[PDB]
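Enquirer: My questions will all concern the structure given below.
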Protein chains: 2
Amino acid sequence: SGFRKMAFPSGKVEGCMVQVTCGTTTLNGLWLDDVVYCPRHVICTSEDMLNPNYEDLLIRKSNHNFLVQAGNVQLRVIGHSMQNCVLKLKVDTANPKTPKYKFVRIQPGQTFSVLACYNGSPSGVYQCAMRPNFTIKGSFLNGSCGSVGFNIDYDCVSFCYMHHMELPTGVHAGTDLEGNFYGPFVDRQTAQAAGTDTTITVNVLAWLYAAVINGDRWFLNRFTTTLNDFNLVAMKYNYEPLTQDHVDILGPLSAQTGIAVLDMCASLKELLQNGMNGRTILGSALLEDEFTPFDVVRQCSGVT
Amino acid sequence: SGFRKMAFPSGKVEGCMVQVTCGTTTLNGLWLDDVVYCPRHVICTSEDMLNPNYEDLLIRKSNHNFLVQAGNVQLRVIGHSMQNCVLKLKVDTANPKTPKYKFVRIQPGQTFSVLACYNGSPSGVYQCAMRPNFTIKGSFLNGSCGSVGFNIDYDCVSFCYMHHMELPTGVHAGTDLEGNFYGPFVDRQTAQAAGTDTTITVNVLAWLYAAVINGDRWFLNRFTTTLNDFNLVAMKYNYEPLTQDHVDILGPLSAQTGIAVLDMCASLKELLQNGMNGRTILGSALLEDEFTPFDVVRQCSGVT
Ligand SMILES: Cc1cnncc1NC(=O)Cc1cccc(Cl)c1
Ligand SMILES: Cc1cnncc1NC(=O)Cc1cccc(Cl)c1
């Protein structure tokens, strides 16, 4: 029992972290097999960042200008290429600590662990969700660029995120490992609008099921609702409209607790319309949306 | 910017995790140098746990009865000894992945990362605080015993906790790595009282300083207080009485923000007496006490 915002063990990702320096800019790289992945803004100076022409900037760089350091060993760069907003530096040495891995593009509302790094060194790990508006509310400082987001299925690391920037509002934006930004964001020092965000309804319901499993039950009521009635309340409160697909993925949780998904929806409706009344659920005084139904199943059953 | 409940990168601890089986009970062991540490209840059966005589139980066990498995390799047990509530199994092989490490006994209110494991496999990592009453509010299931709590200073892992049990109230109890329980707890299947808990005042103030650093400022007021006036409010709200030692460790945060500690105390006093008024601080609707002043400095400055 007990429910925590648990991150994946970051070990397989720590062995992949390197420091990449180009000119006077230092950031984090991800060394997998004989390739190092990093944000393409490693080639820019402060003045370049206002409106960079990356193709022009990269033309003035040679293999020897990219300094890649794996803690104490220096890697030899034998090739470089830009793919979208990432640079791929071919090294002459395959990383001995390369785990089994995949590059995946995650969906909004999905969750992942972030290994925050500075100068190629791991500082900490935390679990986060990709917001419906494609931003993440992380904890990133200058030097954290190139830190990655990932998920792990047994021995396979699915890299889903690489950190690129902090928006003027303090929220974060990055790309998948092919360098495509999540969201409308561009790697330029300009004010950029992040879309209207919503709360991830399915995750809040999964989190309500986790609370029932662990003993927090005061919010359960004698009511029920329909998807259409619930979605009118979700609309008023800026919650993602609930679909049958969401109801289907909540099935294992509904089955284990014996509380039908629309009955749980009715508890969420009363919580939205009346607040928590100065009470807590799994140590929180607000409705948590950073646990997917999958995350609740995994934690509640003890999957390693 | 941004503030997250960040855990230490768990890599150096994952390389130390092993599975320990004795008879029909399986749990987690910690392999450091040529010694494996695990809870002593690995030698008990369900019937034994009601009132175990550990010395008697251990006498019927030989080196060959302790099965220690490091993933795929089997370790050869050449000695066994009980120290308080832990068993130390001497193996003939020093763990090649042993990091630089220390065994430390932490103080109540201090924080650490927990690497939850099942059958010697790491499932996830999360940050937690040792409650003033010596319990932890973790996320532990059957099989998690022997999972450890730790802190990391550059290349040194300070092991501070080993998980032993779940109290009837769903809260957790364990020992330091010398097998001494934190708190009055005993490794027996009996109902055991955990003392009255309090909120870690110094950590809540550190967390208020983190909120100021990251932009959440609405709670700052035109008031001030004294340690004596503040402690009367801390008494009414079951907060740990603030001392000059706590005021001294908040110094770096007070210095960086320019908000005197007693001025921050006055903000906390108004928050305790008036609640959050349906607002949030660093994404929380309650007063967070799981970040020490040290944790705030480290995260806010980017220490790896
Ligand atoms: C300062 C900072 C803090 N946290 N995370 C990232 C940070 N760095 C940047 O955002 C630098 C940068 C500027 C403009 C565009 C891009 Cl792609 C990158
Ligand atoms: C079931 C469980 C869940 N979470 N964490 C630990 C768990 N196991 C136990 O507490 C087993 C046990 C019983 C009595 C005394 C001791 Cl020392 C240990």
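For chain B, we keep the numbers from Swiss-Prot: what you see runs 3264-3567, in order.
Determination method: X-ray crystallography, 1.8 Å.
In case you wondered, yes, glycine gets a Cβ from its N, Cα and C as well.
Not my notes, these are from Swiss-Prot:
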ACT_SITE  B:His3304  active site, for 3CL-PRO activity
ACT_SITE  B:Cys3408  active site, nucleophile
CROSSLNK  B:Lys3268  ubiquitin cross-link
CROSSLNK  B:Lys3353  ubiquitin cross-link
Enquirer: According to DSSP, does B:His3304 (active site, for 3CL-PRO activity) fall in a helix, a strand, or coil?
Expert: helix
Enquirer: Out of the recorded positions listed (B:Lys3268, B:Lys3353, B:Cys3408), which are within 10 Å of B:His3304 (active site, for 3CL-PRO activity), Cα to Cα?
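Expert: The recorded positions close to B:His3304 (active site, for 3CL-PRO activity) (Cα within 10 Å), listed in sequence order, are B:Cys3408.
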Enquirer: Among the recorded positions B:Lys3268, B:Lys3353, B:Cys3408, which ones place their CB within a distance below 8 Å of a chain A CB?
Expert: B:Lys3268
Enquirer: Drop a 10 Å sphere on every Cβ of the recorded positions B:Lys3268, B:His3304, B:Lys3353 and tell me which sphere holds the fewest other Cβ atoms.
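Expert: Per-residue Cβ counts within 10 Å for the recorded positions B:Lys3268, B:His3304, B:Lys3353 bottom out at B:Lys3353.
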Enquirer: Can you list which of the recorded positions B:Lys3268, B:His3304, B:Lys3353 have their Cβ under 6 Å from some atom of ligand 2?
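Expert: Only B:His3304 qualify.
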Enquirer: Just counting, how many other CB atoms are there within 10 A of the CB of B:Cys3408 (active site, nucleophile)?
Expert: 25
Enquirer: Name the secondary structure element type, per DSSP in three states, that contains B:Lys3268 (ubiquitin cross-link).
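Expert: Once the DSSP labels are grouped into three classes, B:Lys3268 (ubiquitin cross-link) ends up as coil.
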Enquirer: Measuring Cα to Cα, how far is B:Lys3268 (ubiquitin cross-link) from B:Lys3353 (ubiquitin cross-link) in Å?
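Expert: That comes out at 36 Å between the alpha carbons.
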Enquirer: Looking only at C-alpha atoms, tell me how far B:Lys3353 (ubiquitin cross-link) is from the residue listed as 'active site, nucleophile', rounded to the nearest Å.
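Expert: The separation of the Cα atoms works out to 19 Å.
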